[PDB]
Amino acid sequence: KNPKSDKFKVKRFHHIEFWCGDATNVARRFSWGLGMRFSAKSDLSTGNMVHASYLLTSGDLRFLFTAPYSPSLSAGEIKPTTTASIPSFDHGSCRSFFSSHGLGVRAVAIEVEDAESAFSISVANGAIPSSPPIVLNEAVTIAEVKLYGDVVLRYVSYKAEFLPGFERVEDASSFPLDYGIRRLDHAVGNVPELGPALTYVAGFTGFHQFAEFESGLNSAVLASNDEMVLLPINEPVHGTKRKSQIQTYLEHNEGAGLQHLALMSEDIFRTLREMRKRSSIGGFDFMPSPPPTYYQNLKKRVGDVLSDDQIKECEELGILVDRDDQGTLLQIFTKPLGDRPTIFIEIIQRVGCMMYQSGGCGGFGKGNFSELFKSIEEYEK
């Protein structure tokens, strides 16, 4: 059931912003590891004395990496005279965030019709304001409200190229890497208590619960009207034999925050071949593959969607497969992106639900919790 209750007009995911200690090194690592091109910058070379910000793009996916300079470079500025291109940025907030949480997502940014209206309606409906609407060069409006922990939901609206004051990167510095990633599918938060987190976010957005369908967690998914903005949230389940990985996250992250970004690929086999080639030469590692038990049982579950060749190809690459009543989900998880066992990435591809493809086709992998387990009965095999 989709009541289409959005309290303001939401379009799509726009960008994800990581707060870093050194934006250059994280951005270069991510560019090589994920096959994203350097597309825009805002830094000393563009007159920004406040923060260094580098944008990576792959298809529609935009990753922004930002770090503070010495405050001394901008100590004479005030907000009316700032050279920062992102006016919500604050040196102290960014250093506090990074020392508390380590490398991670500060902003989940969605494009909206009118960022000033979205902010006003959000706060009127319970959103905790984080940064008020500011109009950038009479062209772009940006506003921020708290989402969970120290993560903000960022509204961006365009009258009519990333943000004013960002410069397009020169082609010599912009190598056209591409491993097939095309857009952000969903962004997932970990919280101590799911109920209060859902009531808060659904309260100020009007996002509705996206329907799903005893290891670690309870979750629920909030969705915009066309279900293209998807925001799952997890809480830990305590008292289990194996300690909840949500609780481990909360401990190492110093509380709630963004757990994973799921990135849609136009060809998950090519994406995984390319990413795995680079795992040990600067890119990303992947979680341990499920046993061949798992793939020996995939024929009985998705043998009508994937050929015998394509399922064995899944086993080469360690890809997981799940199915709901509308479509099929191919998915795989990286190891944590940084020092702490906190944020990681999911690569996904969805098949089915063609009308364009409707959002969330195939779900989020809930059936794989039982199936992985089942599959680990190989120790008795």
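Here the rigid core means the biggest group of C-alpha atoms that line up within 1.5 Å when the two forms are laid on top of each other. Don't overthink the numbering: it's just position in the shown sequence, from 1.
Larger root-mean-square CA separation from the shown form, computed after a rigid core fit of the structures in 8 other deposited structures of this protein, is seen for 162-170 when 114-122 is set against 162-170. Between stretches 369-377 and 7-15, greater average Cα displacement in 8 other deposited structures of this protein relative to the shown form, fitted by the core, falls on 369-377. Checked against the other entries of this protein, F98 counts as resolved in every one of those spanning it, not missing from a third of them. Compared with the other entries of this protein, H238 is frequently left unbuilt, missing from a third or more of those that build its neighbours.
The modelled chain is continuous from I78 to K79, with every intervening residue of the deposited sequence accounted for. According to the entry, the deposited sequence places 4 to 9 unmodelled residues between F213 and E214. Remark: stretch with higher mean C-alpha B factor among 294-302 and 115-123 is 294-302. Just going by the entry, 125-133 versus 238-246 on mean CA temperature factor gives the higher value to 238-246. Per the PDB entry, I311 shows the highest C-alpha temperature factor of the residues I311, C94, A187, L177.
When the C-alpha B-factors of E346, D339, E315, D43 are ranked from the entry, the top spot goes to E315.
Among all modelled residues in its chain, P288 ranks in the highest third by Cα B-factor. Sort the modelled residues of the chain by CA B factor and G360 lands in the middle third. In this PDB entry, the Cα temperature factor of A67 sits in the bottom third of its chain's modelled residues, the lowest group.
In this PDB entry, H51 carries a Cα temperature factor that places it within the lowest third of its chain's modelled residues. Split the chain's modelled residues into thirds by C-alpha temperature factor. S307 is in the highest one.
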